[PDB]
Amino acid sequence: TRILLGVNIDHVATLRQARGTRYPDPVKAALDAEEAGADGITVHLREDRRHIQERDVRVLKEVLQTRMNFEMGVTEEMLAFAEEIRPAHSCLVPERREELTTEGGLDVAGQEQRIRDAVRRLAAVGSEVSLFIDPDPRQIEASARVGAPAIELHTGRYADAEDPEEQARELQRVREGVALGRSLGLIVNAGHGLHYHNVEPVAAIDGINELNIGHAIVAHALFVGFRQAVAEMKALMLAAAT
């Protein structure tokens, strides 16, 4: 079927934590996003609790009309929490120096057994697990070995490209990443760093399943509202994927 949009609401909480109030509620933003056509809601509970809190995830579990994509760093605390939450989707991301690559993706190749156990525990809970990795053939192949059904390609370097030539190279890496992943039977996602003026070439890639976009949508929502921001982003993706 068509390309899918997952809306990450972390930076709604970024705004909330700035003053330590109860608003803006990331829960409300999540419900607005679904109402505006989001296919899923993505939430990242960090160990440092920078934005999203446990309260956020627990309430989301009770109110979501679609499905949760629970982003987490691989620790015992987060795994146990996820086993409680039972999210439909989950995504393992790097938060600590040891699990980080230079580009920013999860070093699955460096920690294969550790990731495999995490994938197994999450899958046993019914969660479809994704691994947030760089568009690196070596990380993609490792991701397939550890038994993850899906990967999300790090589109950061594509988004951070200064000259058009550099962006073309980085877009080509993502393109090659998708082709490789699907050849290994993986579901391939992306989304980091994407905004309303660079999303279309990524959404145009054949075989892309879901784009998980957060910050740019939240940023745009400041001007048009969350409902319109989500709808506009989805429409861009659908028109580009055609």
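Heads up: residue numbers just count along the shown sequence, starting at 1.
Look at the mean CA B-factor for 165 to 173 and for 126 to 134 in the entry; the higher one is 165 to 173. Note on 97 to 105 vs 81 to 89: mean CA B-factor is higher in 97 to 105.
Between the residues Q53, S183, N69, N189, it is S183 that shows the highest Cα B-factor in the PDB record. Note on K234, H220, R22, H11: the highest value goes to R22, judged by CA B factor as recorded. In the deposited entry, the Cα temperature factor of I140 sits in the top third of values across the chain's modelled residues.
Compared with the other modelled residues of the chain, the Cα B-factor recorded for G207 ranks in the highest third.
Per the deposited record, the Cα B-factor of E47 falls in the highest third when ranked against the other modelled residues of its chain.
When the modelled residues of the chain are ordered by C-alpha B-factor, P201 sits in the highest third. Among the modelled residues of its chain, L5 has a C-alpha B-factor that falls in the lowest third, as given in the PDB entry.
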